[PDB]
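> Need a 3D model of the sequence below.
(8 chains, ligands or ions: 36)
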Amino acid sequence: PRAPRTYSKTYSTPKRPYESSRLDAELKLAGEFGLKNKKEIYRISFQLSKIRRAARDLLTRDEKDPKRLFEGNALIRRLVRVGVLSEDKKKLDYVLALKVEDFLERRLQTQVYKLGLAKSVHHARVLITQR
Amino acid sequence: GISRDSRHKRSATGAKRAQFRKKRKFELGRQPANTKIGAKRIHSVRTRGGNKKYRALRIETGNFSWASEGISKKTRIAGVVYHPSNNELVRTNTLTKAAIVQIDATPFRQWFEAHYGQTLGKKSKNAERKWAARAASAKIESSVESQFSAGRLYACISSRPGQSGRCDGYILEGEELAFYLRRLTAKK
Amino acid sequence: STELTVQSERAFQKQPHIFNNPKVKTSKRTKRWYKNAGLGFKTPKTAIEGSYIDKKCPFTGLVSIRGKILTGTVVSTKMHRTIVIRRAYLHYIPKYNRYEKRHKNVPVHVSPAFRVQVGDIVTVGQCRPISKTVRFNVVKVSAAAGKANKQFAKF
Amino acid sequence: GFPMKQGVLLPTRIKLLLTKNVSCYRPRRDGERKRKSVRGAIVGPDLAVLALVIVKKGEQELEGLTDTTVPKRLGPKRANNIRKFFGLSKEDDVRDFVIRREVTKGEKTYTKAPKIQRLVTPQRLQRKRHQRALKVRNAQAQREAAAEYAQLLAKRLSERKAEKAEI
Amino acid sequence: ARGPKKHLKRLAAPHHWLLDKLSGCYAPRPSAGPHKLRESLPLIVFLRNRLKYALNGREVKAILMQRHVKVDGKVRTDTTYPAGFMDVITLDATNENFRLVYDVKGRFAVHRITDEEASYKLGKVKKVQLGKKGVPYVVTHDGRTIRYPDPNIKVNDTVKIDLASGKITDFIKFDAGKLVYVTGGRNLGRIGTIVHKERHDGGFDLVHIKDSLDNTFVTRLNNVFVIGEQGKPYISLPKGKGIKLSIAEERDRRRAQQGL
RNA sequence: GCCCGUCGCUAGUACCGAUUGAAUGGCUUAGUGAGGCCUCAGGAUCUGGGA
RNA sequence: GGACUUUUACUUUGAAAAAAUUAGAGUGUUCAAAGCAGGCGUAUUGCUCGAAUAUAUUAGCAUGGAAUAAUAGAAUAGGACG
RNA sequence: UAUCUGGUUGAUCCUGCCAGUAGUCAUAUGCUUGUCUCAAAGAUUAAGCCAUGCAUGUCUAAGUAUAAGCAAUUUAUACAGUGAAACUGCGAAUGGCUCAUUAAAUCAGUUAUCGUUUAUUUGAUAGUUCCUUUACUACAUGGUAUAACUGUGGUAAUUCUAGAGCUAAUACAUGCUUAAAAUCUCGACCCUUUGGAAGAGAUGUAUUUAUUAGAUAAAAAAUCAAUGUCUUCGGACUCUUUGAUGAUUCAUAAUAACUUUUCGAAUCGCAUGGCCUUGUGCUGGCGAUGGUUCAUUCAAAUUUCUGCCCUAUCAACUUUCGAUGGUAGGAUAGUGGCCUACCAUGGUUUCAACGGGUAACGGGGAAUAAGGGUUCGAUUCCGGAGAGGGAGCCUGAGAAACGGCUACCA
Ligand SMILES: [Mg+2]
Ligand SMILES: [Mg+2]
Ligand SMILES: [Mg+2]
Ligand SMILES: [Mg+2]
Ligand SMILES: [Mg+2]
Ligand SMILES: [Mg+2]
Ligand SMILES: [Mg+2]
Ligand SMILES: [Mg+2]
Ligand SMILES: [Mg+2]
Ligand SMILES: [Mg+2]
Ligand SMILES: [Mg+2]
Ligand SMILES: [Mg+2]
Ligand SMILES: [Mg+2]
Ligand SMILES: [Mg+2]
Ligand SMILES: [Mg+2]
Ligand SMILES: [Mg+2]
Ligand SMILES: [Mg+2]
Ligand SMILES: [Mg+2]
Ligand SMILES: [Mg+2]
Ligand SMILES: [Mg+2]
Ligand SMILES: [Mg+2]
Ligand SMILES: [Mg+2]
Ligand SMILES: [Mg+2]
Ligand SMILES: [Mg+2]
Ligand SMILES: [Mg+2]
Ligand SMILES: [Mg+2]
Ligand SMILES: [Mg+2]
Ligand SMILES: [Mg+2]
Ligand SMILES: [Mg+2]
Ligand SMILES: [Mg+2]
Ligand SMILES: [Mg+2]
Ligand SMILES: [Mg+2]
Ligand SMILES: [Mg+2]
Ligand SMILES: [Mg+2]
Ligand SMILES: [Mg+2]
Ligand SMILES: [Mg+2]
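Numbering: from 1, shown residues only, chains lettered A, B, ... in the order given. Ligands and ions are numbered 1, 2, ... in the order given. I have put the structure below:
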């Protein structure tokens, strides 16, 4: 009788299961940003996929439609916030661009590597996971 | 119990309908009072939500009014003589709404001869005054005046005895008296 | 439907509580009651002129009209004092993104204030349940007779 | 063990539907009737006991019967019932005649009398007085509120005859 | 379902209460009273969820059984008493008066009001009839029977009331151009004058509304509560005066007030 | 080269079939008909016609 | 207030509307799924932003349009206005 | 978030399916398993069966205390604290569980009650009770009969109870009361009129019946039968009052009666004050419980428009023993073939009636991501239905109730 506890899942798994290419392209990413799954890359491209979908859907309404200005502007300010989207390309046909790497680059595991503090991406992974 | 639901009972297309739910009590019916003439006997019945209907099983008086004379009296009810729903009501002298009864007259007589000072059929001061006042207003009506001779007046029960324990009516008059008289003889 | 007699029943027919004092010699015999159903519907003169009885007349009886006002086409008049209209209408199946012809018949009471024949478009009004099926009452004829008299003999 | 039930007649057992206010049955719930076995009202050899009531004494005392008396438990408590267990007139002040029952508390002999009921008192008179007074005061109230309207109405008509001679 | 329902699961609860999903499974079913179930703010909700005064529900009973809180003047104990639009909640301790009156989002706001104004309410007369002894009477949206009103007083008009005593001390008719509060629909809490009414004989009269921002909108009549003249409201309003800003207009206000 | 049918072996499915074959479920005629409710009587007892 | 109105389809806008769900704004639950919180200070007797928005169509209601597609009309004139 | 690959041939292009592939709040099972948070879970099969324990009881200053109960003290010789038992009151009709039945049924959205019932909460609401009306009615307050208890008992056995003796009320059952006034009926007398008059009865509300009023579509006149207010005695009538609705025989009120007569406080807690003619007179504070009627609020019941899966190897269906409509009635809370009586012959259907199937509760929704679709919803919210199967009923505001009863079947 208690209200429902809500949940969603947060990843999506490749259509074709043995594309040699996506595989390499995947491994390398985990290799550079110090990831452990293929899921850590699945999650992000899922994240990326819906964001684009919103974008896509917004550009179909004509310019300066309220929802477009509300939700569009919203989506951009929120992206720039965490450092994915360039200050200049800031009008959402580049939120339409936006590869996975841009998202990857902003993890506290990478930040904690990029200004030294760890030296090697994994050392960062460990220090973080170690308080 | 008796049940007034429509969920028995074929559809307009004449289809047959599954039994859906058991009988609820709020769609209940009860049995007829089938009220007769005789020394008074009424039973209350507890209806929905507190509340009472009085089921009259036996009624011998009723308060009947002579509409054109603007009065009512309480008379004995002589009997049932015509019923449009079912002849068996007449035969068994059953009182229901719309039944045609005969009553007593002699309270309506004791009023009329006292009020018009005139006597139906065939010396005070204020009275004489009052009777003189009332005239061109005393001319009764043939078919109704001719009723007092037998001492019995035709009246239509207007109440619902099995509902309220009252058996109440109105003396028959004018065009409506014609109808039922024509029936009472064109059958005799 | 009625037609004729008026006193054709076992019970004497009358309008409830519409007394006529036999003592007062009058010209109209029976005092008659009537009203207008409202909502702008004229009460036809045949209701005020007539002497028919009907306790299910919306102008001379004890019903009220409140709720759906619908119109339909008359398709049966074999019942005495009540009819059946057909209300046709189109129904939108999506998926195929078009419509199909549907209908329903609707049984409705019909005061002898109106003379209805089959084919007449009629406007009916919502009723307290009047009978087992009937929940509507004819309330204007938006028709006439469908040009029958312009179907006659020969030159 | 099954009890007799007055008036069944029969010298056998049967099973009746018993209701409230009926003998050999204590209903557990409102409007509850339980069907129960009952013994007839005619004495048979199958009886374990016979309940008996003396109505005329004989020519000798029965040991623990005639010879001994056991006192009534409770005394009168409703005002008038005290009045009539001493035959007293509405004059003799029941307050004295209410029964008194001693009882000792180790070394305290204590006393406790009923709470006499339906006794007329200063208090109940103050409440019968207030009733009547209030009925009227309201009645007066209503009238004063009534005509105070009638006016509002009358000097509206005395404005619709200043609106009809104006225009 | 054999008798009157006595419980109220959450989720089934009216949303303008702002009750939260978890932390339970039931919401305090509003008592029987002077306001419809789905348009009330039970004491338990206002004394705890709005005013943050009590923590437990248990404390709300304990706060209340001090004859502390009192609605429209009478004292009121019912934990789940149905309080509603135009009423006057009052705390003698903490010398505090409140009117119940709507937000713009659609909710009952917290609304401090003066002692002076705390002594009189407004009621939409919802019907007027003849009673026994030919005594006419009006009844108002908060279940108030008031005998002997003005003849001029007809239905949909609004009424000022002594609370302290029983009576009507002024009234306001329903005319084109009259300050109007909106109690229902997606236009609940908005306020604006009245352009005109659409008749529609036998089925929902309509009411066109124009606010002090030159925006126009309709709500079914019944949903309209007249409350004064353009300018003069016969009661103190809440901030924002029921004018409804677009999500954008608000986003810009909300982050205009941004520089600490 | 391909390939058709009868006839023969193993295994499986479904059909037909004496048994007026069998089983479960839903309605249902006719006959019998509990029990509460209503109703005509009844009067164990227990009082002022009633219970 | 009276006296009377040929029928429809379509389409626009709007009312009347349950919440959770979905889409989606706001808020850094340490992240996230979530949650509807929270955020400022004189952190010793308080200040404060919130708890949006959308979709909710078939039907019924309400309003704009009068293309497209039906319907009805005056020919034995029992036509229309006065 | 618009993708295809493998398999027929010697090779080729097709058609076309099998296979692969990915998801699933989609179940099971195998193997493996460390941390945080979150948290479904005897639906599917058998709405099969159930050992045992628990799931419904409840007291304020404020209905009832002689516990032969506890307590002492603090005025309390009627009662006074506290309080088992028990009476009384209210609740047990909510909740929770399940998805068997159910296909125009439920259910949704949308309607209707001018077609009804409604504990309670909230707001209004009651001077009328008796009697042929001076030797007079308990109202300073009228009746008993009951539990608990006491004591005698019965049965292997139960939330079994019998006989005897007590005693309470907001249980039961009775039964008084109050202003002024007007208007109606009757009318002893007197006197002739143009006619008037003491003074007598009746008039709370509710019930049942009949008769009225409840105007309004813009304005005027004569006459009959009655008969109202003021005479400058031919006459005049002059101001003359009216609620709501789209709509009514609505709200309301009036007349004549009716009733095994509805309600109109025989109740309780705190405080104790005024007021003289010192009657323990007569007054009087705060607020509880009640109480009719109306409203409101929580409801309920019926109900309008449209909308359901597969099926013609279901084409005609419906009235026996109501099928469709009319009149009357009876029954209901109330409409209504809901039932009866009389009468008629209707009602539905290829725009799919009627019948069959559903491994069918309906919705909110769920899964699958170009779109269009496809499939799923026993199951956290709403509605409905059920309590082993049927039926029947008591109590009550509300049950056709099942942790109520009665009967049959298992
Ligand atoms: Mg016929
Ligand atoms: Mg007492
Ligand atoms: Mg339930
Ligand atoms: Mg509550
Ligand atoms: Mg309406
Ligand atoms: Mg055999
Ligand atoms: Mg009978
Ligand atoms: Mg729309
Ligand atoms: Mg929302
Ligand atoms: Mg091959
Ligand atoms: Mg090959
Ligand atoms: Mg080769
Ligand atoms: Mg496959
Ligand atoms: Mg389950
Ligand atoms: Mg099961
Ligand atoms: Mg004691
Ligand atoms: Mg007795
Ligand atoms: Mg009582
Ligand atoms: Mg007139
Ligand atoms: Mg009027
Ligand atoms: Mg009436
Ligand atoms: Mg004193
Ligand atoms: Mg078949
Ligand atoms: Mg009939
Ligand atoms: Mg036939
Ligand atoms: Mg077909
Ligand atoms: Mg099923
Ligand atoms: Mg479901
Ligand atoms: Mg389905
Ligand atoms: Mg199942
Ligand atoms: Mg049930
Ligand atoms: Mg079972
Ligand atoms: Mg059976
Ligand atoms: Mg049952
Ligand atoms: Mg159980
Ligand atoms: Mg139960």
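
> Break chain B down into its domains, please.
According to CATH domains of a matching chain, chain B comprises the domains B:1-30, B:31-105+B:152-188, B:106-151.

> beta partners for the most centrally placed residue in chain B?
With distances taken as Cα atoms, centre = their mean, residue B:157 lies nearest the centre of chain B, 1.2 Å away. Going by DSSP bridges, residue B:157 is paired in beta bridges with residue B:169.

> who are the neighbours in contact with it?
Applying Cβ atoms under 8 Å, 6 or more residues apart in numbering or on different chains to residue B:157 gives the contacts B:62, B:95-101, B:167-169. For every residue, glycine as well, the C-beta is placed using N, CA and C.

> From these, which land in helices?
Secondary structure assignment (DSSP state H) places none of those within helices.

> Indicate the residue of chain B located nearest to chain E.
Per Cβ to the nearest Cβ, residue B:24 is where chain B lies closest to chain E, at 9.9 Å.

> What is the neighbour count of the closest residue to that residue other than its chain neighbours?
Spatial nearest neighbour of residue B:24, chain neighbours left out: residue B:5 (7.8 Å); criterion: Cβ to Cβ, 6 or more residues apart in numbering or on different chains. Residues near residue B:5, counting by other Cβ atoms under 10 Å in any protein chain shown, number 14.

> In three-state terms, label residue B:5 for me.
Local secondary structure at residue B:5 is given as coil here, using DSSP: H, G, I helix; E, B strand; the rest coil.

> give the contact list for it.
Residues in contact with residue B:5 (Cβ under 8 Å, 6+ apart) are B:23-24, B:27.

> Buried only: go through the residues you listed for me.
By neighbour count, with 16 or more other Cβ atoms under 10 Å in any protein chain shown, the contacts of residue B:5 hold no buried member.

> which SSE is the closest residue to RNA strand H within chain B in?
Going by Cβ to the nearest atom of the strand, RNA strand H is nearest to residue B:162 of chain B, at 2.3 Å. In this assignment (DSSP states H and E), residue B:162 forms part of helix B:161-164.

> Does the residue of chain B closest to RNA strand H touch residue B:31 like I think?
No: if you go by Cβ atoms under 8 Å, residue B:162 and residue B:31 don't touch, sitting 9.4 Å apart.

> Who has more neighbours out of those two?
Per other Cβ under 10 Å, whichever of residue B:162 and residue B:31 has more neighbours is residue B:162, with 23 against 10.

> In space, what's closest to residue D:44 - neighbours in sequence excluded?
Distances taken as Cβ to Cβ, 6+ apart place residue D:11 nearest to residue D:44, at 4.4 Å, with adjacent residues excluded.

> contacting residues for the one you found?
Counting by Cβ under 8 Å, 6+ apart, residue D:11 has contacts D:40, D:42-44.

> again, only this time at 6 Å
Taking Cβ atoms under 6 Å, 6 or more residues apart in numbering or on different chains, we find residue D:11 in contact with D:40, D:42, D:44.

> between these, which is nearest residue A:81?
residue D:40 (95.6 Å; Cβ to Cβ).

> how many other residues sit next to that closest one?
Using other Cβ under 10 Å, residue D:40 has 19 neighbouring residues.

> these two touch, right, it and residue D:10?
Yes: contact criterion Cβ atoms under 6 Å: residue D:40 and residue D:10 qualify, at 3.6 Å.

> For chain A, what is the nearest residue in chain C?
Residue of chain C nearest chain A, by Cβ to the nearest Cβ: residue C:97 (21.3 Å).

> Okay, that residue and chain D: tell me how far apart.
To chain D, residue C:97 is 62 Å away according to Cβ to the nearest Cβ, to the nearest Å.

> what's around that residue, how many residues?
Neighbours of residue C:97 using other Cβ under 10 Å come to 7.

> that's a helix at residue B:177, yeah?
Yes: under three-state DSSP, residue B:177 falls within a helix.

> ok, and residue E:59, which helix or strand is that part of?
Assessed by DSSP H and E, residue E:59 sits inside helix E:57-64.
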